[PDB]
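To keep things clear, I will list the structure first and then write my remarks on it.
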Amino acid sequence: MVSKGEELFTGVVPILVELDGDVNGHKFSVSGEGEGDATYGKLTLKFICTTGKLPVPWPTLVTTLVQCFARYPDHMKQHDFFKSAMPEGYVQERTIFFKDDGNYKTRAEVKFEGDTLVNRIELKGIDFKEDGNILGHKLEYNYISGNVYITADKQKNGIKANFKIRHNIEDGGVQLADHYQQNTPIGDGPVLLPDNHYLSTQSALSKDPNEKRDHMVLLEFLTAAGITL
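Using our numbering, the letters of the sequence shown map in sequence onto residues 25 to 253.
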């Protein structure tokens, strides 16, 4: 295989996620667990708001809450930066601009801790409208999809990405979330720097009928594309 880190993803890998957030002074924490199967680009994850009631909509946190689980086609294996950075991992940083509203800034470390892939995140949101679609909880709970457009950042030995998410508004249009992303390796080893390509990503959100805590079940597929065979 073309990276050493790729070999860590040939089977089902356990995942843990931990997020601490503060949006307009509304603090919260989220814990998640599940597993990923990069052979199929498939993630199954369950998240709990460990602080009680989540003060923002769950859909707005999906993208923050492990792109190393993407399925890369055989002809694109040399473009998978994410797995190439493993096991030492990478820092993933975003600004997420919610059109006509506030923004999230996120910093995450994604790395193996033993046999488990762990995503640990800090999130800060500012300038939200207390009666906007976010703090007003006006968003639908169902699905998100989009293309993550990736480019190499050779000077940081990493990558950049950008994408736009449409969050359906209940009885309305959509709330746009414009994402800007950077990823840099934690370790000093060589990584794969990709040609331009994208991750086609689909997220399905549901509830566990036996779970009384504020929570989200996520089934997600992520597939690399955009380089022809």
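Cβ atoms here follow ideal geometry from the backbone N, Cα and C, with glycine treated the same way.
8 Å contact criterion, which residue i and residue j should meet: CB distance rounded
i: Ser-108; j: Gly-29; result: 5 Å
i: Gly-126; j: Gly-160; result: About 12 Å separates the two Cβ atoms, so there is no contact after all.
i: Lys-101; j: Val-215; result: Not a contact, Cβ separation roughly 13 Å.
i: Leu-246; j: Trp-82; result: Rounded, the Cβ-Cβ distance is 19 Å, inconsistent with contact.
i: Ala-62; j: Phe-93; result: 5 Å
i: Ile-174; j: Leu-223; result: 7 Å
Residue i versus the options, residue with shortest Cα-Cα distance
i: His-99; options: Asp-219, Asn-157, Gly-170 and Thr-74; result: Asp-219
i: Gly-156; options: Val-54, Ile-168, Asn-186 and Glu-194; result: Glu-194
i: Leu-141; options: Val-90, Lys-162, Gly-182 and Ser-169; result: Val-90
i: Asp-46; options: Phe-187, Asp-202, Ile-251 and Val-80; result: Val-80
i: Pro-111; options: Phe-152, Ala-185 and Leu-32; result: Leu-32
Distance, residue j Cα to residue i Cα
i: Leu-67; j: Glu-154; result: 33 Å
i: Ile-39; j: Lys-135; result: 10 Å
i: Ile-210; j: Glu-133; result: 8 Å
i: residue 22; j: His-103; result: Since the first residue of the chain shown is 25 and the last is 253, residue 22 is not available in this structure.
i: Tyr-165; j: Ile-72; result: 15 Å
i: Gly-56; j: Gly-76; result: 14 Å
i: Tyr-204; j: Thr-88; result: 12 Å
i: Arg-95; j: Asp-124; result: 34 Å
i: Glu-146; j: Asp-177; result: 23 Å
i: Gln-116; j: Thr-84; result: 17 Å
i: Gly-113; j: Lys-180; result: 14 Å
i: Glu-235; j: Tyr-167; result: 20 Å
i: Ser-53; j: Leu-253; result: 43 Å
i: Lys-129; j: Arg-144; result: 14 Å
i: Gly-138; j: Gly-35; result: 15 Å
i: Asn-171; j: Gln-206; result: 16 Å
Contact set for residue i: own chain, Cβ-Cβ below 6 Å, skip 5 residues either direction
i: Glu-244; result: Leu-67 and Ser-227
i: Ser-169; result: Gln-226
i: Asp-44; result: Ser-53 and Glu-146
Collapsed DSSP secondary structure at residue i in the structure displayed
i: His-221; result: strand
i: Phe-105; result: helix
i: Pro-83; result: helix
i: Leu-32; result: helix
i: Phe-93; result: helix
i: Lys-153; result: coil
i: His-99; result: helix
i: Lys-184; result: strand
i: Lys-51; result: strand
i: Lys-135; result: strand
i: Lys-148; result: strand
i: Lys-66; result: strand
i: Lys-129; result: strand
Any non-hydrogen atom of the ligand NAD within 7 Å of residue i CB
i: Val-80; result: Absence of the ligand NAD from the depicted structure is noted, as is the absence of any ligand whatsoever, leaving it without description.
7 Å CB neighbourhood of residue i in its chain, flanking five on each side removed
i: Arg-190; result: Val-198 and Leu-200
Other residues of its chain near residue i: CB distance less than 8 Å, five sequence neighbours each side excluded
i: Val-37; result: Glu-59, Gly-60, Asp-61, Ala-62, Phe-93, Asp-139, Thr-140 and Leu-141
i: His-239; result: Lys-70, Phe-71, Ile-72, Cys-73, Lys-231 and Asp-232
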